[PDB]
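In what follows, a single structure is set out as C-alpha cells and then discussed.
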Amino acid sequence: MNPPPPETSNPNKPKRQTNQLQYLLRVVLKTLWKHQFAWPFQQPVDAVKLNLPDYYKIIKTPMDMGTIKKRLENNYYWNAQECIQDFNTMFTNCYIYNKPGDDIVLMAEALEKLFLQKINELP
Ligand SMILES: Cc1n[nH]c(C)c1-c1ccnc(Nc2ccc3c(c2)N(C(C)C)[C@H](C)C(=O)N3C)n1
C-alpha cells in the first residue's frame, strides 16, 4: 500500500514568508520541476502503481517535489532550512531505497547537483 501523502497544510503550524523561501519557489523548485529527470519526483511514490509493497517499509519519511511545491505555494514553512530539509529527505530516500548507478539514482544525483548550484547563492 500507499500511506497518506505528506501534509501540505497545517493550520496551527506557524508560517513565515521570507525572501529565501520565495527564492526556493521561484528559482530552485521551478528549475528542478522543468528538468527532464523531474518526473519521478513530481508526486509521492505510488507503490500500488509500481507494485512495490516494500517501498514504504523502507522509507518512513517520504518526500517529493510535488509536496514541496504545494508547501511553498501554500506558505507551509517557517524558514528556508525547513524546505531544504525536505529536498534532502527526498534525495536521501532515493539513495537509501535504490543502489548506486540505478537510473533513478542518476536522476536524483543530477537534480541534487542542480539544487546545490541554485542554493549556493540564496538571497
Ligand atoms: C523509473 C522506473 N524504473 N522501472 C520502472 C517500472 C520505473 C517507473 C515507471 C513508472 N513510474 C515510475 N515512477 C517512480 C517514481 C519515483 C521513484 C521510482 C519510480 N523508483 C523506481 C526505481 C521504482 C523508486 C521507487 C524511487 O526511489 N523513486 C523516487 N517509475
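If you're matching positions, the sequence shown starts at 188 in the numbering used here and goes up one per residue. Quick reminder that beta carbons are idealized off the backbone N, C-alpha and C, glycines included.
- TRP265: not part of any alpha helix (DSSP H); DSSP gives it neither H nor E.
- Counting of Cβ neighbours within 10 angstroms places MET277 among the buried residues, the total reaching 16 or more.
- Rounded to whole angstroms, the gap between the alpha carbons of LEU309 and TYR210 is 7 Å.
- The closest heavy atom of ligand 1 lies less than 7 Å from the beta carbon of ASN285.
- Look at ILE245 here: in three-state DSSP terms it is helix.
- Apart from the 5 residues on each side of it in sequence, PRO240 sits with its Cβ closer than 8 Å to the Cβ of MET188, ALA234 in its chain, given in chain order.
- Nearest Cα to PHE302 within the set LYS202, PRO190, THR218: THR218.
- Taking a cut-off of 8 Å on C-beta distances, the region 216–230 touches the region 250–261, as three or more cross pairs fall below it.
- At a Cβ-Cβ threshold of 8 Å, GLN204 and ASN262 count as neighbours.
- No heavy atom of ligand 1 is found nearer than 7 Å to the CB of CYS270.
- Boundaries cannot be given for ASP233, as no alpha helix (DSSP H) includes it and DSSP labels it neither H nor E.
- The residues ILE291, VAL292, in chain order, have a CB closer than 7 Å to that of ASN285 in the same chain once the five nearest residues on each side in sequence are set aside.
- When the beta-carbon positions are compared, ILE306 and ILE283 stay at least 8 Å from each other.
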